[PDB]
Amino acid sequence: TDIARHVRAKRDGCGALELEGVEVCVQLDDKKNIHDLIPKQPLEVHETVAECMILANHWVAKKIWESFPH
RNA sequence: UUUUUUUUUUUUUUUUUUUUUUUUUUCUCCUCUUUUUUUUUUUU
């Protein structure tokens, strides 16, 4: 939690653009038919893991660019 | 006290052959309406 919160702190001191999408989820029972629909949401932990893997993939790409130029 | 005679079931067998699924019609034809076309992002 702390690590993610403050990787966020830094890379927003840089300043990202965090926006959203109009996404909805669907539950399907035994009969395979619509019990209900439910709007889904972005959760704190989604943001955490999103930034952890952003930084990860970022260092990955750095390594692999400086390692193989063209 | 009533003798004698009036044929019967066609003859024949020791002939060659080098093709081939099907088969043969039917004309030109007014697709109705918020749009450029949205787009990063993350959790599968």
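Residues numbered from 1 in each chain as written, not as in the entry; some residues may be left out. Chains lettered and ligands numbered in written order. Part of a larger assembly, values for the part shown. Heavy atoms only, no water.

For chain A, the PDB entry supplies the name DIS3-like exonuclease 1 and the organism Homo sapiens. This entry appears in the Protein Data Bank under the title "80S-bound human Ski2-exosome complex".

What's the story with the protein's contact with RNA strand B in this structure? I'm lost.
Near RNA strand B you find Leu19, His46, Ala50 and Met53, and these make up its full shell. Backbone atoms, meaning sugar plus phosphate, form 56% of the atoms of RNA strand B positioned within 4 Å of the protein. At a separation of 3.1 Å, a base oxygen of RNA strand B approaches a polar backbone atom of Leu19. Of the residues belonging to the surface near RNA strand B, the class tally is three nonpolar, one polar and no charged. (Near = heavy atom within 4 Å. Polar contact = N/O pair within 3.5 Å; in protein donor to acceptor, adjacent residues only side chain to side chain. Nonpolar A, V, L, I, M, F, W, Y, C, P; charged D, E, K, R; others polar.)

Before we go on, may I ask you to explain the pairing of strand 1 (residues 24-28) in this structure?
Working note: regular strand, side chains alternate between the two faces of the sheet. Where strand 1 meets strand 2 (residues 34-39), four bridges bridge the pair, whose relative direction is antiparallel. Paired with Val26 across the bridge in strand 2 is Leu37. The hairpin formed by strand 1 and strand 2 contains five residues between the paired strands, and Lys32 there has a positive phi angle of roughly 75 degrees. (Pairing = 2+ DSSP bridges. Helix = DSSP H or I, 4+ residues; strand = E, 2+ residues; numbered from the N terminus.)

So what exactly am I meant to see when it comes to a negative patch on the surface here?
There is a patch of like negative charges on the surface, built from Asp12, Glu18, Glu20, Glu23 and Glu47. With respect to the secondary-structure elements, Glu47 resides in helix 2 (residues 44-67). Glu47 gets classed as partly exposed once you look at its relative accessible area, which sits at 41%. (Patch = residues over 30% accessible without salt bridge, like charges linked within 9 Å, V, L, I, M, F, W, Y side chains within 5 Å. Areas by Shrake-Rupley, 256 points an atom, 1.4 Å probe, with all protein chains shown as cover. Salt bridge = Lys/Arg side-chain N within 4 Å of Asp/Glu carboxyl O. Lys, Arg positive; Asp, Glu negative; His and termini not counted. Charge placed at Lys NZ, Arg CZ, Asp CG, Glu CD. Buried < 20%, exposed > 50% of the residue type's maximum accessible area, 1.4 Å probe, protein only.)

Is there a simple way to explain a nonpolar patch on the surface in this structure?
Taken together, the side chains of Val24, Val26, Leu28, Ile34 and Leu37 define a hydrophobic patch exposed on the protein surface, amounting to about 470 Å² of accessible area. Counting only elements with at least two residues in the nonpolar patch, the list comes to strand 1 and strand 2. At three residues, the largest contribution of residues to the nonpolar patch is made by strand 1.

What is the right way to look at the packing of aromatic side chains in this model?
For any pair of aromatic rings, the description consists of the separation of the ring centres together with the inter-plane angle of the planes. Summed over all chains, the structure comprises zero aromatic pairs. Above the ring of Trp59, the side-chain terminus of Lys62 is found at 3.6 Å from the ring centroid. (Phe/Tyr/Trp six-rings, centres within 6.5 Å; stacked < 30°, edge-to-face > 60°. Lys NZ or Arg CZ within 6 Å of the ring centre and 35° of its normal.)

Teacher, can you tell me more about the layout of surface pockets here?
Of the pockets and cavities examined, the largest pocket occupies roughly 490 Å³. Around the largest pocket sit 20 residues that line it, and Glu18, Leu19, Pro42, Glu47 and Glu51 are the ones nearest its centre. Split into classes, the residues belonging to the lining of the largest pocket amount to seven nonpolar, three polar and ten charged. (1 Å grid on protein atoms, 1.4 Å probe; cavity = no way out; pocket = protein on both sides within 12 Å on 5 of 7 lines; lining within 4 Å. Points joined across faces, edges and corners; volume = space filled by probe spheres on them.)

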